[PDB]
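Participant: My questions will all concern the structure given below.
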Amino acid sequence: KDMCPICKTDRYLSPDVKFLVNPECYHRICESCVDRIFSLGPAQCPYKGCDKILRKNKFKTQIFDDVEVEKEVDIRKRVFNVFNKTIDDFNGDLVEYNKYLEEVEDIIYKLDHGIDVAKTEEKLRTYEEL
Amino acid sequence: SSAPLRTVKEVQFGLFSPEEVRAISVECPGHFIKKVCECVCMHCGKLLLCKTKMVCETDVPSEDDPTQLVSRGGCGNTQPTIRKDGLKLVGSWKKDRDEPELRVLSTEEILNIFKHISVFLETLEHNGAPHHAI
Amino acid sequence: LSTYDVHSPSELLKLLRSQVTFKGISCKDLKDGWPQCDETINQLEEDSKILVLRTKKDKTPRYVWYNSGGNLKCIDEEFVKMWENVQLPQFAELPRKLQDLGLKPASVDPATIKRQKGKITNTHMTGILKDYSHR
Amino acid sequence: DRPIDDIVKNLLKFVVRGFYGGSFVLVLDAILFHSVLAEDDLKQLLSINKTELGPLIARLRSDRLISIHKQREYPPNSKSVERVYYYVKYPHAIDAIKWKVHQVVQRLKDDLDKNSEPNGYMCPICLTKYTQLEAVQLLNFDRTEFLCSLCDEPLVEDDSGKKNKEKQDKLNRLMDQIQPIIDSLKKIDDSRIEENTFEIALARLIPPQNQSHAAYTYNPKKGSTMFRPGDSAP
Amino acid sequence: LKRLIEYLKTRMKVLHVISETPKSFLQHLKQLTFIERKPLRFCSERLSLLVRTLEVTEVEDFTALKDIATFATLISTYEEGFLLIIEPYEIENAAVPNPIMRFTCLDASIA
Amino acid sequence: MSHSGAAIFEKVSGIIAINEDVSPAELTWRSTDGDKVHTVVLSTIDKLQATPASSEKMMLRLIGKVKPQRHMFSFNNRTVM
Ligand SMILES: [Zn+2]
Ligand SMILES: [Zn+2]
Ligand SMILES: [Zn+2]
Ligand SMILES: [Zn+2]
Numbered sequence: 010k011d012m013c014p015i016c017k018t019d020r021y022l023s024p025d026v027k028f029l030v031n032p033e034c035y036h037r038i039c040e041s042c043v044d045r046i047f048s049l050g051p052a053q054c055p056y057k058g059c060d061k062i063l064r065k066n067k068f069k070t071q072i073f074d075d076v077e078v079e080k081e082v083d084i085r086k087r088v089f090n091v092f093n094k095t096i097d098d099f100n101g102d103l104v105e106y107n108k109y110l111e112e113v114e115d116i117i118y119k120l121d122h123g124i125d126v127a128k129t130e131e132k133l134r135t136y137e138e139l
Numbered sequence: 007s008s009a010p011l012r013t014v015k016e017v018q019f020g021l022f023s024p025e026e027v028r029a030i031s032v076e077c078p079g080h081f099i100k101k102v103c104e105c106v107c108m109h110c111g112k113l114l115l142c143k144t145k146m147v148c149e150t151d152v153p154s155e156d157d158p159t160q161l162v163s164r165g166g167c168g169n170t171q172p173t174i175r176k177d178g179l180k181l182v183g184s185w186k187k188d189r195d196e197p198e199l200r201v202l203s204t205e206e207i208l209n210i211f212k213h214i215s227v228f276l277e278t279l280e281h282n283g284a285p286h287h288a289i
Numbered sequence: 181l182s183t184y185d186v187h188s189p190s191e192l193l194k195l196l197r198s199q200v201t202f203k204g205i206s207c208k209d210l211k212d213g214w215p216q217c218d219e220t221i222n223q224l225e226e227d228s229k230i231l232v233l234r235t236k237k238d239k240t241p242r243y244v245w246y247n248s249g250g251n252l253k254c255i256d257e258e259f260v261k262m263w264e265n266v267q268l269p270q271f272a273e274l275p276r277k278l279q280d281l282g283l284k285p286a287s288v289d290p291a292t293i294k295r296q309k310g311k312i313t314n315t316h317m318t319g320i321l322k323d324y325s326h327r
Numbered sequence: 002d003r004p005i006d007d008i009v010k011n012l013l014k015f016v017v018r019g020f021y022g023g024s025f026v027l028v029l030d031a032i033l034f035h036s037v038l039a040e041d042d043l044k045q046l047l048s049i050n051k052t053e054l055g056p057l058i059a060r061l062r063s064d065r066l067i068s069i070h071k072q073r074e075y076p077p078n079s080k081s082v083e084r085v086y087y088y089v090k091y092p093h094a095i096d097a098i099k100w101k102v103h104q105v106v107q108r109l110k111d112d113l114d115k116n117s118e119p120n121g122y123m124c125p126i127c128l129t130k131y132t133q134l135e136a137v138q139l140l141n142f143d144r145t146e147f148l149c150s151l152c153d154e155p156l157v158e159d160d161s162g163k164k165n166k167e168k169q170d171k172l173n174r175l176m177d178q179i180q181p182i183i184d185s186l187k188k189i190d191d192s193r194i195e196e197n198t199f200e201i202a203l204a205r206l207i208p209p210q211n212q213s214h215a216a217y218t219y220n221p222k223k224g225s226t227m228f229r230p231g232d233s234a235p
Numbered sequence: 335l336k337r338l339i340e341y342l343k344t345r346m347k348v349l350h351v352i353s354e355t356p357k358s359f360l361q362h363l364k365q366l367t368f369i370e371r372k373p374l375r376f377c378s379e380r381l382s383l384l385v386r387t388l389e390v391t392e393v394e395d396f397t398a399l400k401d402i403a404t405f406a407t408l409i410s411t412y413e414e415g416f417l418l419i420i421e422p423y424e425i426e427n428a429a430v431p432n433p434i435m436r437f438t439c440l441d442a443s444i445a
Numbered sequence: 001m002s003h004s005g006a007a008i009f010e011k012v013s014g015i016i017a018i019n020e021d022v023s024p025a026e027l028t029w030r031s032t033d034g035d036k037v038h039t040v041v042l043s044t045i046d047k048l049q050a051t052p053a054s055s056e057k058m059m060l061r062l063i064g065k066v083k084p085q086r087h088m089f090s091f092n093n094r095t096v097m
């Protein structure tokens with residue numbers, strides 16, 4: 010609720026406590042735990058059931074109060090960093106632009122829910138260079 | 007020795023703070099009140115103005157205009173007439189309204210007061284040991 | 181005629197709850213008239229229902245009290261030792277130290293406690321005038 | 002009487018029963034059930050001798066869970082005697098509990114942080130520990146093992162490399178067992194508690210005995226300007 | 335719809351009164367999230383179609399979305415004569431702040 | 001907290017309470033051990049004698065309306097008195 014699940018540092022006993030998240034798994038953790046765990050180097054996430062390695066340099070401050078929306082927005086930003094077009098790109102063809110937007114939404118939807126992770130990522134990589 | 011050879015130019019005498027003694031404590078060189103109490107208040111540690145003054149004077153007359161009191165930091169506690177009995181400081185209070198009240202100024206009380214002034276036994280108290288024994 | 185009629189754990193709990201003071205009821209008279217009381221008293225202690233003062237020569241129940249609090253054993257010895265190891269700062273400075281850590285201190289420094309004509313003209317009326325000083 | 006009193010008493014009861022022995026529960030509960038309580042009356046209630054009551058009072062006074070009040074009493078039958086009363090100053094006890102809880106949690110947090118750091122080598126013969134940085138300058142010409150400067154003996158790697166998980170469990174255990182203290186403190190902070198005094202505490206007195214020798218009354222001397230440390234409250 | 339609601343939530347945590355035009359609100363919205371102006375205008379129409387098609391005979395739960403949809407279609411349609419005010423104290427005399435967001439129409443000649 | 005408190009009666013300390021639910025209202029004093037109990041109906045009291053606030057004593061007397085009955089109690093705290 011308001012304490013680090015690892016060290017269980019309550020905000021009442023530590024008003025300076027500040028939590029951070031990592032895009033790899035989006036698990037809340039306090040700054041004190043981050044330093045004592047990842048300062049030396051990369052290590053597995055200190056959560057029960059999470060085995061994805063992460064780096065201290067990638068930690069950031071959660072923007073939205075909803076974890077799912079935090080994940081969706083980050084995926085949207087990553088996808089829009091490759092799939093970025095405008096109405097002028099199709100010479101005013103609204104039908105094509107709307108279809109293009111729908112395809113991007115499906116790509117974001119698949120990446121967020123992992124319907125087809127392997128195929129979708131390859132499509133991102135293929136279009137990234139091109 | 008690799009340290010530079012120098013000549014002592016100054017000797018700064020002083021006192022050992024409790025922190026320094028613990029920190030300092032480990076060819077070899079070896080390894081290791100009454101006047102002030104009458105000047106400051108024994109309840110807040112602020113200067114009374142000093143021995144003659146026997147009251148903290150929480151409110152003092154304004155210098156600019158008479159008959160216009162100005163509030164100053166104080167507690168209005170009448171100061172004792174501190175006397176040195178043996179190796180302890182005994183303070184005597186003069187009641188406003195008839196022997197004066199007498200009690201021993203414990204070093205803990207004086208230590209607390211001196212710490213409020215605005227660079228250079277364990278076994279007994281642990282269990283039992285009525286106040287007389289302590 | 182037992183001093184305190186007690187032959188069941190329920191009766192002991194209610195009798196101890198009805199006490200108007202904190203004077204514990206002795207076990208010497210409680211054991212009289214009750215074939216077994218240590219077995220029940222010990223069982224209640226394991227349940228944290230009552231408080232028992234035990235002898236030092238050998239564990240034996242003496243004056244007991246109603247347990248108006250919570251569980252008797254809730255903290256492991258590994259934390260009891262740490263609690264005993266912590267030494268409080270001087271009281272005059274404890275509130276300041278708590279404020280520095282961001283914890284609201286429920287106290288204040290005692291140093292902050294601000295505990296701070310003769311010539312009568314007419315005499316022929318002497319002894320006649322009552323002092324109507326107030327109304 | 003008031004909701005504030007009940008919650009404060011519960012916090013005091015929880016701390017004593019968990020972080021203190023058994024006799025401490027008896028002593029503090031007696032002076033919580035009653036108002037300011039004379040030393041003689043307390044002994045009669047718990048049926049314990051002075052030698053046994055002294056250690057309990059001293060430890061409870063050190064933690065400021067109980068306050069003492071000495072005053073002279075003048076009974077017509079006997080000569081003047083000095084009586085000692087024990088009561089609870091909620092602002093003092095609550096502040097002490099808050100400080101100790103923070104210190105205990107911080108100490109475990111510091112120990113966990115220290116444990117995660119690399120271990121420091123120790124010398125067996127002289128039992129003088131060396132940190133990694135300090136041991137690095139003790140390397141020999143062949144550079145096989147660190148040699149103690151004094152003993153000139155190979156250094157042995159220190160333990161605590163496996164305790165990285167045990168301390169996390171200990172901190173988890175404490176925060177779960179100490180949850181009631183934090184919950185009670187939050188409510189206390191929301192409200193404001195008045196500081197008690199011997200005279201104020203006497204307003205809730207339930208006499209322990211019928212003919213107690215201690216006259217449970219506060220008769221301060223007239224016009225006495227003398228002040229003792231910690232004798233008054235805001 | 336979900337991330338638009340979240341953005342509105344993180345704008346309620348301000349510590350001082352904020353007065354911004356609809357254009358500024360949209361620019362920051364497109365920055366934090368990636369919501370454009372055109373989709374934000376059709377929010378009311380799309381929600382109405384979705385609700386009508388979902389067999390929502392009991393609409394007690396979806397009543398709140400009307401306010402969000404109304405806000406979305408209003409701040410994206412007009413840019414002049416309208417102002418967005420965010421205050422951390424709807425009632426200045428309160429122990430706990432109660433943030434409120436007001437979309438006000440200053441020009442009475444628009445309606 | 002204005003209906004109960006500590007009081008001393010006949011050198012015996014006890015709890016003094018005023019019962020108003022049962023008519024007529026009466027004042028009841030109960031000893032710590034319960035051996036001694038005395039309750040007096042307030043309808044019989046003529047005057048209420050209280051010691052001056054300038055005296056160290058906190059004694060209070062109720063005199064019965066007519083050897084008028086007198087029930088005198090000593091308190092421990094002036095606020096309760
Ligand atoms: Zn943590
Ligand atoms: Zn993780
Ligand atoms: Zn002063
Ligand atoms: Zn060695």
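Residue numbers (UniProt numbering), protein chains in the order written: chain A, 10 to 139; chain B, 7 to 32, 76 to 81, 99 to 115, 142 to 189, 195 to 215, 227 to 228, 276 to 289; chain C, 181 to 296, 309 to 327; chain D, 2 to 235; chain E, 335 to 445; chain F, 1 to 66, 83 to 97. Yeah, the Cβ is synthetic: ideal placement off N, Cα and C, and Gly gets one too.
(1) Compute the minimum distance between the beta carbon of A/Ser48 and the heavy atoms of ligand 1, and state whether it is under 7 Å.
(2) Taking only the alpha-carbon atoms, compute the straight-line gap between D/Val17 and D/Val26 and give it to the nearest angstrom.
(3) Could you list which residues in chain D have their beta carbon closer than 7 Å to that of A/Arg45, in chain order?
(4) Starting from B/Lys145, follow its DSSP beta bridges and name the residues at the other end.
(5) Suppose the cutoff is 7 Å on Cβ atoms and the five residues either side in sequence are ignored; what does the same chain contact list for B/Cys142 look like?
(6) Could you have a look at F/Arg86 and say whether DSSP puts it in helix, strand or coil?
(7) Tell me the start and end of each unbroken beta strand (DSSP E) in the segment 36–65 of chain F that is at least 3 residues and wholly inside, in chain order.
(8) Against chain E, with Cβ distances strictly below 8 Å, would A/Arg85 count as a contact?
(9) Whole angstroms is fine: what's the gap from D/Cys152's alpha carbon to D/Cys127's?
(10) Nearest chain C C-beta to F/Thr32 closer than 8 Å, yes or no?
(11) Taking C/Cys254 as the query, report the chain D residues whose CB atoms sit under 9 Å from its CB, ordered along the chain.
(12) Quick check on DSSP: helix, strand or coil for B/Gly183?
(13) State the CB to CB distance for the pair A/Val78 and E/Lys336, rounded to an integer number of angstroms; the pair is presumed to be in contact (CB under 8 Å).
(14) Any beta carbon of chain C sitting closer than 8 Å to that of A/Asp11?
(15) Three or more beta-carbon pairs under 8 Å between the segment 375–393 of chain E and the segment 216–230 of chain D, yes or no?
(16) Return the chain-ordered list of same chain residues with a C-beta closer than 6 Å to the C-beta of F/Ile63, the five sequence neighbours on each side being excluded.
(17) So which residues of chain A does D/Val102 contact, with C-beta pairs closer than 9 Å?
(18) Using a threshold of 7 Å, is the CB atom of D/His214 nearer than that to any non-hydrogen atom of ligand 3?
(19) CB-CB under 8 Å to C/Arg234, same chain, minus the five flanking residues each way: which ones, in chain order?
(20) Taking 8 Å as the threshold (C-beta atoms), are C/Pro275 and D/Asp96 in contact?
(21) Looking at the unbroken alpha helix (DSSP H) that takes in C/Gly310, where does it start and where does it end?
(22) Within 8 Å of any Cβ in chain C, is that where the Cβ of D/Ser213 sits?
(23) Kindly indicate which three-state DSSP category D/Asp6 falls into: helix, strand or coil?
(24) Can you tell which of B/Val32, B/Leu199, B/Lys112 has its C-alpha closest to the C-alpha of B/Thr150?
(25) Can you tell which of B/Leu161, B/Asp188, B/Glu198, B/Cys167 has the C-alpha that lies nearest to the C-alpha of B/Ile174?
(26) Tell me, please, which residues DSSP counts as bridged to D/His70.
(27) With DSSP as the reference, please indicate the residues paired to A/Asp19 in a beta bridge.
(28) Taking CB distances under 8 Å as the criterion, tell me whether A/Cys59 reaches chain D.
(29) Given a threshold of 16 other Cβ atoms within 10 Å of its Cβ, counted over all protein chains shown, does A/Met12 qualify as buried or as exposed?
(30) CB-CB under 8 Å to A/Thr129, same chain, minus the five flanking residues each way: which ones, in chain order?
(31) When you measure from the CB of E/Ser410 to every non-hydrogen atom of ligand 1, does any distance come out below 7 Å?
(32) Under 8 Å between the Cβ atoms of C/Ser182 and C/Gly204?
(33) Would you decide whether C/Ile312 is buried or exposed? Buried here means 16 or more other CB atoms lie within 10 Å of its CB.
(34) Locate the alpha helix (DSSP H) running through A/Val113, then write down its first and last residues.
(35) List, in order along the chain, the chain E residues whose C-beta lies closer than 8 Å to that of A/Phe73?
(36) Give me the subset of the segment 197–214 of chain B whose CB atoms are less than 9 Å from a CB atom of chain C, sorted by chain position.
Facilitator: In this structure, then:
(1) Along the first sequence, one-based indexing puts residue 48 of chain A at 39. Result no, Cβ not under 7 Å from ligand 1.
(2) Counted from its first residue, the fourth sequence places residue 17 of chain D at position 16. Counted from its first residue, the fourth sequence places residue 26 of chain D at position 25. Rounded to whole angstroms, D/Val17 to D/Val26 spans 6 Å at the Cα level.
(3) Reading the first sequence from its first residue, position 36 is the one you call residue 45 of chain A. Neighbours of A/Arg45 on chain D, chain order: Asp114, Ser117.
(4) On the second sequence, position 53 is the one that residue 145 of chain B refers to. According to DSSP, B/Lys145 bridges with nothing at all.
(5) The residue given as residue 142 of chain B occupies position 50 in the second sequence. Taken in chain order, the residues that qualify are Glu104, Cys105.
(6) As a position in the sixth sequence, residue 86 of chain F is number 70, starting the count at 1. Here F/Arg86 sits in strand by DSSP.
(7) 37–41, 45–50, 59–64
(8) As a first step, residue 85 of chain A is located in the first sequence; it is residue number 76 there, counting from the start. Yes, contact with chain E.
(9) On the fourth sequence, position 151 is the one that residue 152 of chain D refers to. On the fourth sequence, position 126 is the one that residue 127 of chain D refers to. About 7 Å.
(10) Here the question's residue 32 of chain F lines up with position 32 in the sixth sequence. True, the Cβ-Cβ gap to chain C drops below 8 Å.
(11) Along the third sequence, one-based indexing puts residue 254 of chain C at 74. Within 9 Å Cβ-Cβ: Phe15, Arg18, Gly19, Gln178, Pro181.
(12) The sequence position of residue 183 of chain B within the second sequence is 91, counting from 1. Reduced to three states, the DSSP call for B/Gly183 is strand.
(13) Against the first sequence, residue 78 of chain A aligns to sequence position 69. Against the fifth sequence, residue 336 of chain E aligns to sequence position 2. A/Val78 to E/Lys336, Cβ: 6 Å. Contact.
(14) Position 2 of the first sequence, counting from 1, holds the residue named residue 11 of chain A. False, the Cβ-Cβ gap to chain C never drops below 8 Å.
(15) no
(16) Here residue 63 of chain F is taken as the residue at index 63 of the sixth sequence, counted from 1. Answer for F/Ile63: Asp46, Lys47, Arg86, listed in chain order.
(17) Residue mapping note: residue 102 of chain D aligns to position 101 of the fourth sequence, counting from 1. Neighbours of D/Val102 on chain A, chain order: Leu22.
(18) Here residue 214 of chain D refers to the residue found at position 213 when the fourth sequence is read from its first residue. Checking the Cβ of D/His214 against ligand 3 gives no.
(19) Residue mapping note: residue 234 of chain C aligns to position 54 of the third sequence, counting from 1. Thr240, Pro241, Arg242, listed in sequence order.
(20) Working through the fourth sequence from its first residue, we reach residue 96 of chain D at position 95. Working through the third sequence from its first residue, we reach residue 275 of chain C at position 95. Contact: yes.
(21) Stepping through the third sequence from its first residue, residue 310 of chain C is reached at position 118. Run containing C/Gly310: none; DSSP gives neither H nor E here.
(22) Sequence index remark: in the fourth sequence, residue 213 of chain D carries index 212 (1-based). No - not a single Cβ of chain C is within 8 Å of the one on D/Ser213.
(23) Counting from one through the fourth sequence, the residue named residue 6 of chain D turns up at place 5. In this structure, D/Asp6 counts as helix in the three-state DSSP scheme.
(24) On the second sequence, position 58 is the one that residue 150 of chain B refers to. When each option's Cα is compared against that of B/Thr150, the closest is B/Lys112.
(25) By one-based count along the second sequence, residue 174 of chain B stands at place 82. Looking at the Cα atoms, B/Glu198 is the closest of the given residues.
(26) As a working mapping, residue 70 of chain D is identified with position 69 in the fourth sequence. Per the DSSP secondary-structure output, D/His70 pairs in a beta bridge with D/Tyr86.
(27) By 1-based counting over the first sequence, the position of residue 19 of chain A is 10. Bridge partners of A/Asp19: A/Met12.
(28) As a working mapping, residue 59 of chain A is identified with position 50 in the first sequence. Not closer than 8 Å to any Cβ of chain D, the Cβ of A/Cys59 fails to qualify, so no.
(29) Mapped onto the first sequence, residue 12 of chain A falls at position 3. Answer is buried; the Cβ neighbour count reaches 16.
(30) Along the first sequence, one-based indexing puts residue 129 of chain A at 120. Taken in chain order, the residues that qualify are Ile116, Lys119, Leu120.
(31) Numbered from its first residue, the fifth sequence carries residue 410 of chain E at position 76. No - ligand 1 has no heavy atom lying nearer than 7 Å to the Cβ of E/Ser410.
(32) As a working mapping, residue 182 of chain C is identified with position 2 in the third sequence. As a working mapping, residue 204 of chain C is identified with position 24 in the third sequence. Going by C-beta atoms, C/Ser182 is not nearer than 8 Å to C/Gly204.
(33) To locate residue 312 of chain C, count along the third sequence from 1; it is residue 120. Exposed, because fewer than 16 other Cβ atoms sit within 10 Å of the Cβ of C/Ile312.
(34) By 1-based counting over the first sequence, the position of residue 113 of chain A is 104. First-last of the alpha helix (DSSP H) with A/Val113: 103–122.
(35) Taking the first residue of the first sequence as 1, we reach residue 73 of chain A at position 64. Within 8 Å Cβ-Cβ: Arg337, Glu340, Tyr341, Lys343, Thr344.
(36) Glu205, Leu208, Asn209, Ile210, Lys212, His213
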